[PDB]
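Chains as they are written, first to last, in the authors' numbering: chain D, 263 to 280, 285 to 396, 402 to 431, 439 to 549; chain E, 264 to 280, 285 to 373, 377 to 395, 404 to 429, 439 to 545; chain C, 263 to 281, 285 to 396, 401 to 506, 510 to 547; chain B, 264 to 281, 284 to 396, 402 to 431, 437 to 549; chain A, 264 to 280, 285 to 396, 402 to 430, 437 to 549; chain F, 264 to 280, 285 to 396, 406 to 429, 438 to 469, 474 to 549. Built from N, CA and C at the ideal position, the CB exists for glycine as well. For reference, the structure is listed below as structure tokens.
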DNA sequence: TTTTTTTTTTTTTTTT
Ligand SMILES: Cc1cn([C@H]2C[C@H](O)[C@@H](COP(=O)(O)OP(=O)(O)OP(=O)(O)O)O2)c(=O)[nH]c1=O
Ligand SMILES: Cc1cn([C@H]2C[C@H](O)[C@@H](COP(=O)(O)OP(=O)(O)OP(=O)(O)O)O2)c(=O)[nH]c1=O
Ligand SMILES: Cc1cn([C@H]2C[C@H](O)[C@@H](COP(=O)(O)OP(=O)(O)OP(=O)(O)O)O2)c(=O)[nH]c1=O
Ligand SMILES: Cc1cn([C@H]2C[C@H](O)[C@@H](COP(=O)(O)OP(=O)(O)OP(=O)(O)O)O2)c(=O)[nH]c1=O
Ligand SMILES: Cc1cn([C@H]2C[C@H](O)[C@@H](COP(=O)(O)OP(=O)(O)OP(=O)(O)O)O2)c(=O)[nH]c1=O
Ligand SMILES: [Mg+2]
Ligand SMILES: [Mg+2]
Ligand SMILES: [Mg+2]
Ligand SMILES: [Mg+2]
Ligand SMILES: [Mg+2]
């Protein structure tokens, strides 16, 4: 029997309480959800063309340089060279992959190796090269590397309803046991009336494909909106949908994109 | 049954002129008349409506004012977290969010032993054998089971087993499950009224229970701290519908009516 | 184990950012925003019915098989191999060969047929295809591996999701699309996809100049999530002034109205307009 | 099976001098921007409920059967076999046969019925079907077995009776039966209910997405012809022909006008200008 | 069984060797030419405008005056009510609206004077209350050998769009190649703006509620209109909406309702 | 299942062996003349405009005054509440609205002076609030059955319910009076309700043999003035105004009036 | 053989 009375728990609470990881850009988030904590499963939601991976790659950068924590990326959507070059271009403030005038410049100038060890000289970042296999690799990332942040790029091609229920229960048990700060990306569904999500429609908590337990086992959900064919396609609206630790949800802040650099930077906007 | 008018003279005379009670929005036990022995109680709402917080408040008010043994089954979190939340709820402090106070109080043992000087509560980290042990060797009068979605026919057999166990013992039992995904319109998190159809797994959950309580609030709205409570079923009374209103009282954490 | 650390990955990046392009034709704004087609992308071209979603594709296939020397493969499933190989001859020779009976017999008589056939198909560049979703991908691999095609065009994806009998069609489109994207990322071939648009709810039709949204892709929601460029064509039947909409650019961020084209009922080329 | 385009020197040649259109009747504005009807060319005809589809297609079947020598097979599902046969006889002899018991009793006693019958069905040009995968099997029995040049189907809404997947599979099968076989295939479908305003039978101009059953009917059809008239208005015999889709040429819009004959049943090209 | 045109040399000659005339108004018979074997006739109006009474009158006229066997399937009311209505409306009275007159006809033995004169030559068949309907109608048309089959209030028989569509397809297939006039009664949906169908709204063809299969499979469509709130609640208007044999639609004529004998007579009111 | 006309030799005479009247306003029996077996009477007004005030009054005048075995199936409340509603309505007092009178009537022995005069001869029946309404007719024998508040009792369900209740009325010899409501707009100011102001679907008016609408202008000059309008009558055809009735606030009753309108 | 969850396409039924 593993039943424990309330009296014989005095030390286990006293040792227990002896904020967490903050966000970068849209500074109303950590003002609202008080940042991520060890043992949380986070969902990032938008449509295609909104820049979910662009948002999460900045968080991968800022939690590996300023915080020094062991950050493990899981780019199931793309290759490791593309995300490595995007990290180099984001840290070095100048857009790398989306320009050809500089790709041949910085390789013959000799400062490629200068930019490489400036950000990968530590043992911080760990990439993944493309269910049971993925979870065994995450267990190796947790044991054999000591990762503190794990980012998972795309969950829909992980499924070739119950296969998402089993996956989300297994991921929640993994984050409960190991206590790793986890970010998991999923997409939105197709609405049947009115505008789509990509033209400035506010996203409700229903809009989760595949199954319905994506909102039942995750600890917080961040959504991003932006009128794509609009008067400005740069201003994003960030919306907290759920928070089990604080509870306060809604519209948090507003960011612009800064097309030369690529940094999601906060913008003042009354309404 | 078909009601005739032959043997119904002395019953109607009773119509002109309970057990454990519920705390907060007091038209619960004014309407369904509290908790009774041998019942199976369901509190089902949307994801994030405060099911666990409401049953945590009721587990507080059924263990101190009544003194009865309270056996929890919090298979969603750990035993220290729900204990810190109960200590902060008794001490009127949002504990697990106030980071400076957590190291300021460590009077910590003073607030611990004040509410745990008895052997009242019994937490938990097969499961029916554990519940039978909590019922026989410990004298529990309230048993709460928070998560049952991972614990059709695989849920129906478990519900038959729980209903037979409750009828055989005679203990107050509260079991929590979630709601299904609505198809058209808004969701339950934006003010949609919950019907008895919306229960995941199967349909025996409404046929083998005794009362169902639902909560609805506008989570993406102006007031995310104003629920509406709805009784959906009560085999003893029958009075269903709107019960009351609770605001969360952010500073403290007590669901208080207004 | 494939958990490659970020420090021991320099050389690969050394052979990555030195060794892109392959510009479109007919319009300039398509090459400004999307910056051409790349090895390993999926470019999707959408329209209504009879709106010219194959004419722009063949006008792009002629420029990418002759003016740049790339080997091009055509999985055309609407049209047989006898018509789409006959439209290209008159297009390069700037006429409408299929829509005219006189010019057909004129190039029969004087012997100009062999001259026009050898000027176009004198180089081993265009590899066609004629017409169950399992053998099509094997034929695409047979085109890419041995023959070595750079731009492969999958015309009319709706036939392999409709003639294939499935109870649930959404998972069929999702699984076909993710296996196709996996093939395109594995072999690194430029891939063009043609799909249709569904029935709208009310109002105008897409064949009457309705401004198309990204959510109107017919069949599933897996079409817009695993494509890298979405380009839409919109006219009003001036039944020849078509506008082009970049609905989703993964690589860059410039989306919106790209440009304007004009179709020629004398030659068959999509010239750019000026408005 | 993949092929290389340098082995195609003998087949593109053979296709180049093989392909000959069948000219429409009733309006010459149809033949100018469609150039007729070819092998492997699914032609859709639609109108409102009872607005003149079967009369038009039966006249087209008469003109393609007795004036151009083309063997024609029909699959009429609305009516009986003897009814459409007597309708063809009465329309070829320029009378109104079935709508008059007096002429039907008149021609059966003086023996001119056999004279009207042998001049049509002497050469054995028409073939009929006696009332869905067995349907295409019998159509291939008609085509590959006998050898008619134009196959007409009517009233496809019986054949599909989740309707959308069924009619999508049916439209793909009919397109595959038309293409790469060598037959013209004529298909008739209906319209759905409108949202607001006036009805399709009261003179509303029909759009392309009004084809009831799916939107998979307008993506696999080559030529789409829509007939529309006002049966309650001042001119209830002035049909308007609207070409909605044309894969071969691309010109869409109003072809012209046709005027139906209240006595002989021959809708003929009128000269009304709006 | 692909049959060529040569094999109909003897069949067409047998097919050349008949419209059943409508009663109540001769304006219907001029632009319909009656009804042949395999001729689906849809009869509609608003709610309570006399769809059952007009079809009951035609069931009377086609049975006792022309010798054609009529098989009714009245589902609005039961068997005894429509039998009393047929007897009272052949004897030109209002039978059910007079308690003393129902009681008198058994005291003087004249009940068999009105039963024998009508129901003796087997010229009628009834039906008491979807594939259990057609299986009995086929027995009504095969073994019994009736000539006009009548179906009342089709909404009892019926997502109710595929159901009414397959029903109308089965009824059309049962009518064709059998040789029977299949009278079918349907209804009309709600109006949207202005006045209602019970106040005399000019009905359109697309108001046949349930599907579009009620206006695309019927050979003849007859609609009735009556302003029961205006000046004359005894003057109905008859509108032919579809005729696949002749091709004339519009106002067929006016019929005057008589509030004494239960009959409606041909009226001569002009607009 | 096929019924010829030869086997109706005596069975039409079997139908010759009668309607059931109405009360309160005499304009109802003038143009409807009652209700036999197989008749459905839809009675409606706005949601809370006094449907049950007239329905239970007719059920009272049919049960204790004309001997007909009235059975209600009130599904808003249980057995005891509507039984005490029948008692307090028959004894002309506002029962469930004042604690003083309910306090005063329980002790002075005027309770069991009221049970044997109404509920003693087992006519009134109720439901334990398909397989039950057949036993309510066969074993019990009650005929005039009322079902209320169909919004708890949105197109397929109401059509299937109305079709099964239509089939329950037919071939039984039973009078099933069903109550429904109106769609939202103002209906509380005397707005003329046509037959199109139903809600749910249009399948209600297709099977309802008789349709009765109730109007009242509770916001004008005299709020206690109501009106009854027949909308659909399949037995006669005469539909329209029954007359005027006046309501009373202190006793809870209504009287037929003849105001000049 | 009997249930539950979930995604995308077309046709008719109703409302502030
Ligand atoms: C946030 C943002 C991104 N962008 C551009 C920059 C990048 O080129 C691109 C980033 O979007 P992606 O991150 O590539 O798209 P996604 O991950 O959200 O969607 P999916 O996985 O389904 O394909 O969008 C803008 O133009 N404006 C913006 O505000
Ligand atoms: C009711 C309410 C709760 N909250 C907080 C309290 C909790 O921390 C959180 C929601 O209550 P929880 O009880 O934690 O939600 P849950 O247990 O039902 O979630 P799950 O379905 O995954 O089991 O939000 C508010 O902030 N405002 C409110 O009005
Ligand atoms: C775009 C365009 C096409 N056309 C003509 C030329 C094209 O050959 C003809 C249609 O040919 P397609 O380009 O093949 O038509 P489509 O691809 O849009 O339709 P489907 O999906 O059925 O294949 O339209 C014009 O006349 N003007 C125009 O602007
Ligand atoms: C077009 C037209 C038809 N008519 C009449 C006479 C024709 O025989 C009749 C058309 O009969 P059909 O052509 O057989 O009917 P349809 O194809 O339009 O529709 P459906 O089969 O679905 O019912 O309409 C005219 O009188 N004038 C006209 O201009
Ligand atoms: C025909 C007609 C009937 N009436 C009266 C007497 C009829 O019995 C009554 C109509 O009853 P029904 O004929 O039964 O009404 P209905 O069949 O058109 O519609 P539903 O079955 O949906 O109710 O109205 C008139 O007042 N004027 C008339 O012109
Ligand atoms: Mg992405
Ligand atoms: Mg919980
Ligand atoms: Mg095309
Ligand atoms: Mg026809
Ligand atoms: Mg009727």
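- With contacts defined by Cβ atoms closer than 8 Å, residue 497 of chain B and residue 307 of chain B form a contacting pair.
- Counting only residues of its own chain and dropping the five nearest sequence neighbours on each side, residue 533 of chain D has a CB closer than 8 Å to the CB of 291, 292, 513, 514, 516, 542, 543, 544, 545.
- Taking 8 Å as the upper bound for CB-CB distance, residue 340 of chain A and residue 394 of chain A are in contact here, some 4 Å apart.
- A direct Cα-Cα distance of roughly 10 Å separates residue 273 of chain D from residue 347 of chain E.
- In the DSSP assignment, the residues bridged to residue 521 of chain E are E/498.
- A distance criterion of 7 Å places the beta-carbon of residue 494 of chain F beyond contact range of ligand 9, judged by its closest non-hydrogen atom.
- Annotated three-state conformation of residue 354 of chain B is helix, per DSSP.
- By the rule that beta-carbons nearer than 8 Å mark a contact, residue 315 of chain E touches chain D.
- Taken through DSSP and simplified to helix, strand or coil, residue 336 of chain E comes out as strand.
- Between ligand 6 and the CB of residue 345 of chain D, the shortest heavy atom gap is not smaller than 7 Å.
- Take residue 322 of chain E, set aside five residues on each side of it, and the residues of its chain with a beta-carbon closer than 8 Å to its own are 310, 422, 424, 461, 463, in chain order.
- With respect to residue 379 of chain E, residue 363 of chain E sits apart: the two C-beta atoms are not nearer than 8 Å.
- Rounded to whole angstroms, the Cβ separation of residue 392 of chain D and residue 338 of chain D is 5 Å, and the two are in contact under 8 Å.
- For residue 312 of chain C, the number of other beta carbons within 10 angstroms of its own is at least 16, and it is reported as buried.
- In this structure, the alpha-carbon of residue 373 of chain B lies about 8 Å from that of residue 276 of chain A.
- At a cut-off of 8 Å, the C-beta of residue 351 of chain B has a neighbouring C-beta in chain A.
- Annotation: residue 441 of chain F to residue 266 of chain A spans about 48 Å, alpha carbon to alpha carbon.
- Annotation for residue 313 of chain D indicates a beta carbon at 7 Å or more from all heavy atoms of ligand 4.
- Residue 487 of chain F is a Cβ neighbour of residue 466 of chain F, given a cutoff of 8 Å.
- Short of 7 Å from the beta carbon of residue 446 of chain C, and not among the five residues preceding or following it, lie these beta carbons of its own chain, in chain order: 491, 492, 495.
- Any Cβ of chain B closer than 8 Å to the Cβ of residue 546 of chain A would place that residue at the interface, and such an atom is absent.
- Between ligand 6 and the CB of residue 396 of chain D, the shortest heavy atom gap is not smaller than 7 Å.
- Looking at the DSSP output, residue 418 of chain E shares a beta bridge with E/336.
- Using a Cβ-Cβ distance cut-off of 8 Å, the stretch 404–424 of chain E and the stretch 471–484 of chain E are not in contact, since fewer than three pairs of beta carbons, one from each stretch, lie closer than that value.
- Taken through DSSP and simplified to helix, strand or coil, residue 452 of chain F comes out as helix.
- For residue 546 of chain D, the Cβ stays outside the 7 Å cut-off from all heavy atoms of ligand 8.
- Residue 532 of chain B has its Cβ no nearer than 7 Å to any heavy atom of ligand 4.
- Taking residue 511 of chain A as the centre and dropping the five residues before and after it, the same chain places no C-beta closer than 6 Å to its C-beta.
- Closest in alpha carbon position to residue 329 of chain D, among D/318, D/287, D/370, D/300, is D/287.
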